[PDB]
Amino acid sequence: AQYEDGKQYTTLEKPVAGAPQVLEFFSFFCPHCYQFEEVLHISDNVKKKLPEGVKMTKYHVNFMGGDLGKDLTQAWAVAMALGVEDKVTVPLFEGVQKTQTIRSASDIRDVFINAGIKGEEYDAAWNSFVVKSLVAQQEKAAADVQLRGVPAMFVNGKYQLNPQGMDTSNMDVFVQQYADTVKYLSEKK
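Per this note's numbering, the sequence shown starts with residue 3, numbered consecutively.
Have a look at this one:
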């Protein structure tokens, strides 16, 4: 087969009912995740290959970066609640990995302020129970798939992407293979 269970993807031994159709996990501390988002633009290219209106979900994880890592999971919940992911993803990645200026929860807040989210609005969302619920959803989704590494992509709660053996000598060819593979997995019956 051109797509083989155990090679380009794995079938979860314990599938997850009700899971998002396309579910990515990342950490702003995760170096491959910086490449995936800032250089390869994996999420955007998967989106362009799936039908218009499929739900893609992207969650942050707690198991990298200790205290600040868990602060970033709560900040990502704020980003999802306010719908400002496209404004803060680059400065959060660069603040953690490029300039390394994000060292406290206040430094995270500064990134939102600089991106145009008013301090009053960020603070209200940060302390809101809507955000607490999104934090819980992120933790539960990770536990549902027994998540131990990032970046990770899961399709229909049933399949995990395995990019590790794919040819990465050409970054556009690799991104296309990745997206075509997600599309194939989404179409499995």
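Backbone N, C-alpha and C define an ideal beta-carbon position, used for all residues, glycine too.
Residue i, buried or exposed, once every other Cβ within 10 Å from all chains shown has been counted against 16
{"i": "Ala181", "result": "buried"}
{"i": "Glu39", "result": "buried"}
{"i": "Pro33", "result": "exposed"}
{"i": "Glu26", "result": "buried"}
{"i": "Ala127", "result": "buried"}
{"i": "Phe131", "result": "exposed"}
{"i": "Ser29", "result": "buried"}
Closest Cα partner of residue i within the set the options
{"i": "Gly20", "options": "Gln102, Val184, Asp88, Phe156", "result": "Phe156"}
{"i": "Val98", "options": "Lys120, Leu70, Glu87, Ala81", "result": "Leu70"}
{"i": "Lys160", "options": "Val18, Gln4, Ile110, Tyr5", "result": "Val18"}
{"i": "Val92", "options": "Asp146, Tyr186, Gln37", "result": "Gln37"}
{"i": "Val147", "options": "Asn116, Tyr5, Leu14, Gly68", "result": "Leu14"}
{"i": "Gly151", "options": "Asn158, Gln139, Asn164", "result": "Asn164"}
Residue range of the alpha helix (DSSP H) that includes residue i
{"i": "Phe95", "result": "87 to 99"}
{"i": "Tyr36", "result": "33 to 36"}
{"i": "residue 194", "result": "For residue 194 there is no data in the structure shown, the boundaries of the chain being 3 and 191."}
Span separating the alpha-carbon of residue i from that of residue j
{"i": "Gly85", "j": "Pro22", "result": "18 Å"}
{"i": "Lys134", "j": "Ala3", "result": "44 Å"}
{"i": "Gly121", "j": "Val113", "result": "11 Å"}
{"i": "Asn172", "j": "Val137", "result": "36 Å"}
{"i": "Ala144", "j": "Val63", "result": "7 Å"}
Could you tell me which uninterrupted alpha helix (DSSP H) segments, each at least 4 residues in length, are contained entirely in the stretch 122 to 185, listed from first to last along the chain?
131 to 146
If you scan the stretch 24 to 73 from start to end, which runs of the alpha helix (DSSP H) of 4 or more residues do you find wholly inside it? 33 to 36, 44 to 51
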